[PDB]
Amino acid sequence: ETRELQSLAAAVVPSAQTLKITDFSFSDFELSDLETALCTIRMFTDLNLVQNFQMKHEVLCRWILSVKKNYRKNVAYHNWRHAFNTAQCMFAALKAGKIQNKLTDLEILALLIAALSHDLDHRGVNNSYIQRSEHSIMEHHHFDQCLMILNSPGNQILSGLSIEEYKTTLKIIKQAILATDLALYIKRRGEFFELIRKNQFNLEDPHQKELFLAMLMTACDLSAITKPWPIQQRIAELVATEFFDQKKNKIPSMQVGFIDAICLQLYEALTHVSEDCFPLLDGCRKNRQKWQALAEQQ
């Protein structure tokens, strides 16, 4: 055991309300690593994951310290805090967004772990990992990393599932993590949008289900764009540091481009599926106003 394991194991886990992890506008800047650890335990607990799958407290905690340990602090945006936020947004979309009741326990378990794991050991967008010839290279690696951790002694938070469940869960986790390739998202979103405009959308279909989960993954991953302006500004600043340092005049422009190309349609779609995820669409719109205005002062 580490000092850090003992502390987190021995801690008390505040309520979801106390931790604020149910608000789409949640933010982590004032939180310590430990407090994120607790927030994470709180997420598994309130989603019924510890209950329904008999996770030993020490195992869960060890699993989380592991996940956290395998993000790089030296990377400005793509690090534990981003993974932590992705999962918190997943949580909020499940509870506040009233999406929990459209999905199976196993899907949820999988989405949460996927959310936490989907960028494991990421080195910043400007860094290269070589192998043979290239195919979501990165996301395949994040998944490997994820599985390694899941399979480590002391960290096996899935021990409590039958093989059948276990296999199912892994498949979902893997697909979730791979959905975080923006390339995959652009290939697949057309179909998602068609279904919506043609009133055809139906979650009871295996194929559409898997697609929604992919969409849901991307929505949480990009959710920083939906945050209150003072927070969105600060994240944009982290993203900028990773993009360029590892003028700032071109940035509000890129942000508007990013929102137009990628984010608005998605959060519109997600809002059709669930009217209670509107707060994300709303946030994203406000931020577009903010960035556009700036790009015009340029």
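Start at 1 and count along the sequence shown; that's the residue number. Superpose the two forms; the largest set of C-alphas matching within 1.5 Å is the rigid core.
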Response to the item:
With the rigid core as the fit reference, the stretch showing the greater C-alpha departure in 8 other deposited structures of this protein, 68-76 or 93-101, is 68-76
Item to complete: Name the stretch that deviates more in 8 other deposited structures of this protein: 201-209, or 137-145? Use RMS CA distance to the shown form, core superposed.
Response: 137-145
Discussion item. I'd like to know whether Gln131, which is modelled here, goes unmodelled in a third or more of the other compared entries that cover its flanking residues.
Written reply: yes
Fill in: Missing from the model but present in the deposited sequence, between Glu134 and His135
4 to 9
Practice prompt. For the stretch from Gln246 to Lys247, please bin the deposited residues that the model skips: none, 1 to 3, 4 to 9, or 10 or more.
Written response: 10 or more
Worksheet item: If you average the CA temperature factors over each stretch, which comes out higher, 91-99 or 122-130?
Response: 122-130
Practice prompt. For the higher mean C-alpha B factor in the entry, choose 112-120 or 207-215.
Written response: 207-215
Practice prompt. Just say lowest, middle or highest third for the CA B-factor of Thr180 relative to the other modelled residues in its chain.
Written response: lowest
Practice prompt. Using the B-factors in the PDB entry, rank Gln51's C-alpha atom against the chain and give the third, lowest, middle or highest.
Written response: highest
Practice prompt. Divide the modelled residues of the chain into thirds by Cα B-factor and specify which third, lowest, middle or highest, holds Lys69.
Written response: lowest
Discussion item. Going by the CA temperature factor in the PDB record, which third of the chain does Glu58 belong to: lowest, middle or highest?
Written reply: highest
Practice prompt. Would you check the entry's CA temperature factor for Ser223 and let me know if it's in the chain's lowest, middle or highest third?
Written response: lowest
